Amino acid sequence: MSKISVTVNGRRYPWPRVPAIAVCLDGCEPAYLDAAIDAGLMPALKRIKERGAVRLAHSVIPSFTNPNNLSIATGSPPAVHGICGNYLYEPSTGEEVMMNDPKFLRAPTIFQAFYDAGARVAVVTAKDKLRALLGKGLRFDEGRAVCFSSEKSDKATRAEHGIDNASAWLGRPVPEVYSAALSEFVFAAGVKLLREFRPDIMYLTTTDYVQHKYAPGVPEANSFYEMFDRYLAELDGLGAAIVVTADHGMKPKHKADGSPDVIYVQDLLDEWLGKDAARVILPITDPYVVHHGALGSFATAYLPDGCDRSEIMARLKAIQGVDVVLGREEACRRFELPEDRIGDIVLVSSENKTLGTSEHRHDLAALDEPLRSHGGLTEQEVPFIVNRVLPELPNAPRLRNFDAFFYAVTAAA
């Protein structure tokens, strides 16, 4: 007898005999789990690690939320699926255009491919914009798909989400967007879906709210992972094959005095090339954001026609804190990104620095606590833990976070 599989974006996924789950722990620097385990707070993950397969994996660069979630969802890098930031800039038009709409997704998700093959599929996110992206191609007329966010759980309908009011269904209020509870809702929905819906494929993804605010091992960080472990214990107890991974890690990005440590790329380019001759883009978040949530460790820049790219790159790389500077072609090959949605040059900052645009009218910082962020090579390493014996499972740099569903269904088969 031939084995059953689903082929998606050039990869063959065996059909899962038991439910196959990937959990994306947003911003989960491996140190978070080590600290919580060491404090005795994750007895289930501790045991799961001992008896399963424990690895580190590499995220996509940029180590941002959307590109990495979409990579996990499609099993492919952004060169394939097209989502490589929150927005891009169009030199013609002079327009900044949001890349977080499903129309910009260029490759099918694993979720749609399994759904189209007759599977039961469930996707739960914390934020609703990612929900719409992740849910592209799912259908809700056969009772075989569920897709909603904690954020808009009370707005779910049968026809568009596969469930009527997921808040009422789960029996928990809609959580505050800026809370651990937004992510707890996802875990809780996941458990209830596993019991009652019995998906063949399920993705659970959260937000990095806690991780931007709190370093590994501090009480609030430990409490979050203590909470996760309870849901993990339950998913594991119900017999699912589970991969726990992350979209990206998290590192402190502040000076000794606790203030943000930023390299203002637009200021530098204005000086060398003329004011606004170039455009620096900060794709970590939406373009309107100026409140320190716009500070990450990866940036891209669009340069005036004719200028000396090679020269400009050398000038940027000479700056302390700027670790990597690549032209479009090279950055796209190295990081597996789409040339048509990346700037002329790509910049990656050092471990404890971020990249900003300018101090002209500035980038007024919001929250109090010392800056923590992601986007660079120093937030690329993430946990990758499976609750099954898989001695052949590769390790980083070969293992990618977007191998999560490949190995989950393999373990489930």
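When you see a residue number, it is the position in the sequence shown, counting from 1.
If you average the C-alpha B-factors over 362-370 and over 40-48, the higher value belongs to 362-370.
In this entry, 336-344 shows the higher mean Cα temperature factor of the pair 336-344 and 107-115. Per the deposited record, 290 carries the highest C-alpha B-factor of all listed residues (147, 232, 290, 243). Taking the deposited Cα B-factors for 192, 212, 161, 309, the highest one is held by 309.
The entry lists a Cα temperature factor for residue 129 that places it in the middle third of the chain's modelled residues. Among the modelled residues of the chain, residue 71 sits in the lowest third by CA temperature factor in this PDB entry. Split the chain's modelled residues into thirds by C-alpha temperature factor. Residue 100 is in the highest one. In the deposited entry, the Cα temperature factor of residue 355 places it in the highest third of its chain's modelled residues.
Residue 154 sits in the middle third of its chain by CA B factor, as recorded in the PDB entry.
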